[PDB]
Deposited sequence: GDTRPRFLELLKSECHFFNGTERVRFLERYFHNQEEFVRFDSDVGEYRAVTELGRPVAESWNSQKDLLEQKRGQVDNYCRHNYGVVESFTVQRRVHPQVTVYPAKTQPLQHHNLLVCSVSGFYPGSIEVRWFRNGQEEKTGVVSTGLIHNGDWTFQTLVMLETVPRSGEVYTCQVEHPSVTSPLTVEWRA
């Protein structure tokens, strides 16, 4: 049978903690946003013609608008204060390991289980950074408040040389490194 979907997204955007907050209440019907309330404006605005009658009707209700105009404080800032300690301030250091991958084996640096997602992984060869000989999976979200990424060194390992994977992340004050002695 045909499907009909109604979606509502109430978004709270935070800039520098709760210094600047923007509240957006967005309505979607079958993937099409038709009307929204933006705290920067203070009233509902039709996104498509389908939302014109809705915005017009709701905007004539001062009581409703007054409630929505108070959400940046009563909803956004309130909730931020309630969850910030275990979300905004959540920090889980990454587990770093290096393993060879298949007559030569390229070195792969696995960086997993970390949070937040911002991270920088670099490869070094005997102290010199291999700035352009690296390929990665990019950032992978595990859907459980952790991320991971694989960073492979394209340079063929030479016996005698030392390769080091360096990881910088908000959870550590100095780079985490794993050395591989070829």
Return the ranges of the deposited sequence not covered by C-alpha coordinates, sorted by sequence position.
1 to 3, 106 to 110
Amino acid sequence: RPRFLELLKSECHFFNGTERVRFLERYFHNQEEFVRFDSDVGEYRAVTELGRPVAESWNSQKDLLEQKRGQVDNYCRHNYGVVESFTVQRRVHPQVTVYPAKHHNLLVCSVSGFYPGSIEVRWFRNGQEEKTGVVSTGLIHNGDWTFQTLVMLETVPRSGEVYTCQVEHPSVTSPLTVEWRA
From here on, numbers count along this sequence of modelled residues.
Segment of higher mean CA temperature factor, 137 to 145 or 150 to 158
150 to 158
Of 51 to 59 and 31 to 39, which one has the bigger average CA B-factor?
51 to 59
Name the residue from 18, 171, 10, 166 with the greatest C-alpha temperature factor listed in the entry.
18
Hey, what third does residue 102 fall into on Cα B-factor, ranked over its chain?
highest
Temperature factor at the Cα of residue 178, chain-ranked in thirds, falls in the middle
Comparing against every modelled residue in the chain, figure out the third that the C-alpha B-factor of residue 85 lands in (lowest, middle or highest).
highest
For residue 131, the third of its chain by CA B-factor is the highest
Give the position of residue 45 by CA B-factor within its chain, expressed as the lowest, middle or highest third.
middle
